[PDB]
Amino acid sequence: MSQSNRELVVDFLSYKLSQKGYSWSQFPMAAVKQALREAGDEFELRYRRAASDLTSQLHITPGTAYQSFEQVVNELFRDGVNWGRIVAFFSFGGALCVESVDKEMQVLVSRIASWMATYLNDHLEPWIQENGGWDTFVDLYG
């Protein structure tokens, strides 16, 4: 039962807000929070690939339902989960947030927050657990 997971997400979001300098106000595990902080950060300082026919294929309005988010993300794991796709999933969630704020849609970002949780838990936590849980996440990226 993971509120454990809710939590990753918020941090990670807050953490990717603050860095691109907006506010985060609409808000062994500390190792993980960070391992993924620099996981995500690195993924983008390298990739840049965002998100984008995802953020574009998503053109998020407050009209947007979880469903349609969900599909767009499914696009990341249309060859199954792995860590790096996991990582991109957040990085992507990060990216939405900011657009929302740039859109002057700032109310959305706690929604994005939840969607990521649901998705996380519903779709991703399975394979996470099956490959030794956020721990392996740490010796990897750790």
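Virtual Cβ from ideal backbone geometry, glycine too; neighbours counted across all protein chains shown. Quick note: the coordinates plus some simple rules give every number you see, no bench work behind them.
Quick notes on this structure:
- Given (1) buried (at least 18 other Cβ atoms within 10 Å of the Cβ); (2) hydrophobic (A, V, I, L, M, F, W, C); (3) closer than 30 Å to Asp139 by Cβ, index of the condition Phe27 fails: (1)
- Exactly one residue out of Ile128, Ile60 is assigned to a loop (DSSP other than H, G, I, E, B), in contact with a helix residue (DSSP H, G or I) (Cβ under 9 Å, 6 or more places away or on another chain) and crowded, with 19+ Cβ neighbours inside 10 Å: that is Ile60.
- Figure legend. Inter-residue proximity from region 107-134: first residues farther than 22 Å from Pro28 by Cβ, second residues in a helix (DSSP H, G or I) and among the basic types (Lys, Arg), beta-carbon distance below 9 Å, spacing 6+ or different chains. Indicated pairs: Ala113/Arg6; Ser114/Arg6.
- Among residues of region 99-125, those that are β-branched (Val, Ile, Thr), more than 14 Å from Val10 (Cβ to Cβ) and crowded, with 16+ Cβ neighbours inside 10 Å, counted: 1
- Scanning region 60-109 for residues being of a type in the set (S, T, N, Q) and under 12 Å from the mean Cα position of the chain (by Cα) gives a total of 1.
- Test: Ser91 is surrounded by 15 or more Cβ atoms within 10 Å (Cβ to Cβ) and either in contact with a strand residue (DSSP E or B) (Cβ under 7 Å, 6 or more places away or on another chain) or over 21 Å from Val81 (Cβ atoms) (or both): no
- Any hit, region 33-45, residues being surrounded by fewer than 12 Cβ atoms within 10 Å (Cβ to Cβ) and not in a helix (DSSP H, G or I): no
- Answer from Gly142, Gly84, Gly94, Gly133 - the residue that is of a type outside the set (A, V, I, L, M) and at positive phi: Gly133
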